[PDB]
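Have a look below at one chain only, the form deposited in one PDB entry, in structure tokens format.
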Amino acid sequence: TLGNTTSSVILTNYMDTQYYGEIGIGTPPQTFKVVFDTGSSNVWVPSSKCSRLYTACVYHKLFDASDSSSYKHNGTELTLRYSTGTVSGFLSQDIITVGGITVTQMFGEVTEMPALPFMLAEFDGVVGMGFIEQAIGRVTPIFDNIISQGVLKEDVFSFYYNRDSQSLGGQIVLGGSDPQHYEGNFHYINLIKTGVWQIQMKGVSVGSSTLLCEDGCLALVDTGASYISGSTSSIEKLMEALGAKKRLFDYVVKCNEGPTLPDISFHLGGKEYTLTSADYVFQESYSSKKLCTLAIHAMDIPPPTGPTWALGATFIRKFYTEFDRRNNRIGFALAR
């Protein structure tokens, strides 16, 4: 069922690495800062039942079911193994408020939340925007429950991620897209298979030559990822070409050599998506005496999904993204 409604969630841009919005859980609503992540399909927030021995839980907002009159017990164990770090807890049900839309949703109450990386997290939890096929415990994803209400104008959602600042950090439109944040026309690429927000990539070029992904590869379009990532192998070739040196968790260049770095292109569908050094270098200074990080890192995503590249916030900043559930495709337009 299709309605005549669109709803928007305003996002906060933290250091160009974390983009988060607000949701309410329970009656009265308990508010959480959440990441709207297309790379995952579960909703989870830290729990009141999380041991204060986890420092992450001392530093984030915790859901207390004893304060909610709309809470429905479940308790089924849940383990979400993200390749950045794992979280575990149990399933609960309550009413979630996201941009005006009120939905009864099953989510995880996280009781084990490691300091790495959650002590670095500005957000409390995650709202998975992926498909039921990738949902742990086969829990219905929040967008599937919102679609079911037959209130949205279109069975689509859009992401706008701004460059850091009094300005808008970003925006998610549920049921459509905001033309004030894109220009030109959307160019769609169909998903390889339903269940994942992954598309086919025809090549990655450094300068003017297809130095990588020559025989074709995969591209996961991931709103919950900070960077553009590829396999350890691909990133090694890429960096060697850039003149960038490998540190423990990132790659750097001397700050003075940042503006001089070549364009990086991504052949997706019938279009070339180009990022300049201004789009992928954290130009903190122009000093020959300082190191500057890149918004590209290695990440070996396991099968079935991987090995794959991941187009995170680095990519979405340049290109406004529309996720079309009705036609199993992703649209891109130049962000305004």
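Whichever C-alpha set is largest while still superposing within 1.5 Å between the two forms counts as the rigid core. One rule holds for the numbers: they count along the sequence shown, beginning at 1.
Undergrad: Can you check if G3 is missing its coordinates in at least one third of the other PDB entries compared, counting only those that model the residues either side of it?
TA: Counting only entries that model residues on both sides, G3 is unresolved in at least a third of them.
Undergrad: Could you find out if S167 - modelled in this structure - is missing from at least a third of the other PDB entries compared that contain residues on either side?
TA: Yes, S167 lacks coordinates in at least a third of the other compared entries.
Undergrad: Can you tell me how many deposited residues have no coordinates between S165 and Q166? The categories are none, 1 to 3, 4 to 9, and 10 or more.
TA: In the record, 1 to 3 residues between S165 and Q166 lack coordinates.
Undergrad: Regarding 204-212 and 150-158, which shows the higher C-alpha temperature factor on average in the entry?
TA: Mean B over CA atoms: larger for 204-212.
Undergrad: Look up the CA B-factors in the entry and say which stretch, 14-22 or 324-332, has the higher mean.
TA: The deposited B-factors put 324-332 ahead on the C-alpha mean.
Undergrad: Between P46, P304, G39, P28, let me know which has the highest C-alpha B-factor in the entry?
TA: Among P46, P304, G39, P28, the PDB entry lists the largest C-alpha B-factor for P304.
Undergrad: Can you tell me which of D222, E183, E112, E236 has the maximum CA B-factor listed in the PDB entry?
TA: Highest C-alpha B-factor among the listed residues goes to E236.
Undergrad: Lowest, middle or highest third: where is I96 by C-alpha B factor in its chain?
TA: Bottom third by C-alpha B-factor.
Undergrad: Comparing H73 with the other modelled residues of its chain, is its CA B-factor in the lowest, middle or highest third?
TA: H73: CA B-factor falls in the lowest third of its chain.
Undergrad: Divide the modelled residues of the chain into thirds by Cα B-factor and specify which third, lowest, middle or highest, holds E257.
TA: As the PDB entry reports it, the C-alpha B-factor of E257 lands in the middle third of its chain.
Undergrad: If you rank every modelled residue in this chain by C-alpha B factor, which third holds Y54: lowest, middle or highest?
TA: Middle third, going by the recorded CA B-factors of the chain.
Undergrad: Should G170 be placed in the lowest, middle or highest third of its chain by the C-alpha B factor in the entry?
TA: Tercile = lowest for this residue's CA B-factor.
From this point on, the text means the form deposited in another entry, which you will not see here.
Undergrad: Please check if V9 moves between this form and the one not shown, taking a CA shift of 2 Å or more relative to the superposed core as movement.
TA: It does, since the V9 C-alpha is displaced 2 Å or more between this form and the one not shown after the core fit.
Undergrad: Tell me whether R81 is among the residues that move between this form and the one not shown (Cα shift of 2 angstroms or more, core superposed).
TA: Comparing forms between this form and the one not shown, the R81 CA shifts at least 2 Å.
Undergrad: Rigid core aligned, does the Cα position of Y273 differ by 2 Å or more between this form and the one not shown?
TA: No, the C-alpha position differs by under 2 Å between this form and the one not shown.
Undergrad: Regarding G85 and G230, go with closer or farther for their CA spacing in the other entry versus this form, the difference being 3 Å or more.
TA: The answer is farther, because the C-alphas of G85 and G230 separate from each other in the other entry by 3 Å or more.
Undergrad: Answer with closer or farther for the CA-CA spacing of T84 and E22 in the other entry compared to the shown form; it moves by 3 Å or more.
TA: Farther apart in the other entry, by 3 Å or more.
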